[PDB]
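So this first bit is one chain, no partners, the form deposited in one PDB entry, shown in structure tokens.
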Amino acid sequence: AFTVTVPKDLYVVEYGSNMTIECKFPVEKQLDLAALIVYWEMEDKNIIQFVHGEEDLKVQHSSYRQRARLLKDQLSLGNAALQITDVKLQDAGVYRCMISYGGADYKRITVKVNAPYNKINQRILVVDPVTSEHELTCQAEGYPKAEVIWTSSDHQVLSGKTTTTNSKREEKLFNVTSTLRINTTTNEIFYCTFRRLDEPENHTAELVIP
């Protein structure tokens, strides 16, 4: 019988990366490209309509204008692979692949998009050189609401202000900015640690006073 094999039902994809979800179908001897039909859709959105060896770009949804691709080199290997570039939060959901090569079958794949606070921007500005009052600032972008834990090598745990805002570059994910205003010394090492409300493991940046 004709069955479509899915290498993994759950894909956890990091934000900003490329996603390559696979659906495999049996190929015997060779690929009859004329009789092969591949269809990919997410939440009633036409992603890929591949008929007679030719993609149908006119039916493709606007949001998937030049993000989706069908790796045709893998089609001969009995593996229809869907590639999406610049994965965003709206891409999470159930994807449906229907393959008609002789027989026909469809399968579902659940995609979860991870948006960790990986990219950490830092700055150290001097406020009052007399009292060595420095302001340390750490900014990261991610979706699950997060807080910043400021730690030092010597003073150990200190205290800082953390704020939640909407992003300006990308989707509704939040741009968390925390500032620590303390009097420090030269080459005193400070750390800012991003810990969200959810499960993912924390990420820490290092600040060295100039």
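Numbering starts at 1 and runs along the sequence shown. Basically, rigid core = biggest C-alpha set you can superpose within 1.5 Å across the two forms.
Below, we refer to the form deposited in another entry, which is not included among the displayed structures.
Once the core is superposed between the shown form and the other one, every option in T165, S159, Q30, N183 stays below 2 Å in C-alpha shift except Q30. Core-superposed comparison between the shown form and the other one: the Cα of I120 travels less than 2 Å.
With the core superposed, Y101 shows a C-alpha displacement of at least 2 Å between the shown form and the other one.
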